[PDB]
């Protein structure tokens, strides 16, 4: 198991972030062929834990069987194409747990995030016991830094260093943007503290695989938040009510 916390400072409010994030998941995924087909919802209900954490809990299986060719669709070991996702939505706290039926208890990706109106200055925001916290590498992702982007991933249109919002005037984000965020007129700020736990038990590969998955999550968080900012004009005016209407709307396209 490998734990790291990715701290993503952003020139948006905690309230705006909830909307932008949900919008961006959709628009970044407009791409997908069978988008949301083959998704079985096992559970979807309110919850409250003994510790007071409360929100909406879902449990879903993404069945990948029909989205791959038969020759590959066969071949897979039993359960390898059934990915489970458990999610606890308690915004501004969120948790997701991804597992796979074939891997059983040998594989897990857990992401627990606090969205806070600060500049990433909180140490142990997830309140880990002191010994566990000592094993967590803290990593800051800077959405304006070109050196944090893989050349193959780069797109001028998704580069915060080049984008200025028509609706808000935010951006472009220059090298000292974070240092001027706090006192800058009209710019809100927040930090997503994404604590990521990766387990991939195997044999002579565990360390290499857990580190590789972490690198892929870092990459994803970097690209995703660069996009989220550059799509500011598309979502800034949307409310959560709009987001809900939109999902039910796509859900109705379950006319299949």
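Residue numbers count along the first chain shown, from 1.
Enquirer: When the C-alpha temperature factors are averaged for each of 70 to 78 and 167 to 175, which stretch ends up with the higher value in the entry?
Expert: The stretch with the larger average C-alpha B-factor is 70 to 78.
Enquirer: Check the entry's C-alpha temperature factors for 87 to 95 and 147 to 155, then say which stretch has the higher mean.
Expert: Taking the mean C-alpha B-factor of 87 to 95 and of 147 to 155, the larger value falls to 147 to 155.
Enquirer: Among 229, 193, 57, 203, where is the Cα B factor highest in this entry?
Expert: By C-alpha B-factor in the record, 203 ranks first.
Enquirer: Between 198, 28, 61, 220, which carries the biggest CA temperature factor in the record?
Expert: Checking the PDB record, the top C-alpha B-factor among 198, 28, 61, 220 is at 28.
Enquirer: Where does residue 188 sit by CA temperature factor within its chain: lowest, middle or highest third?
Expert: Middle third - that is where residue 188 ends up once the chain's C-alpha B-factors are sorted.
Enquirer: Please place residue 65 in the lowest, middle or highest third of its chain by C-alpha B factor as given in the entry.
Expert: Answer is highest: the recorded C-alpha B-factor places it there.
Enquirer: Ranking the modelled residues of this chain by C-alpha B-factor as given in the entry, is residue 114 in the lowest, middle or highest third?
Expert: Residue 114: CA B-factor falls in the lowest third of its chain.
Enquirer: Residue 42: which third of its chain by C-alpha temperature factor?
Expert: Its C-alpha B-factor, which the entry lists for residue 42, ranks in the middle third among residues of this chain.
Enquirer: Ranking the modelled residues of this chain by C-alpha B-factor as given in the entry, is residue 210 in the lowest, middle or highest third?
Expert: It falls in the middle third of the chain.
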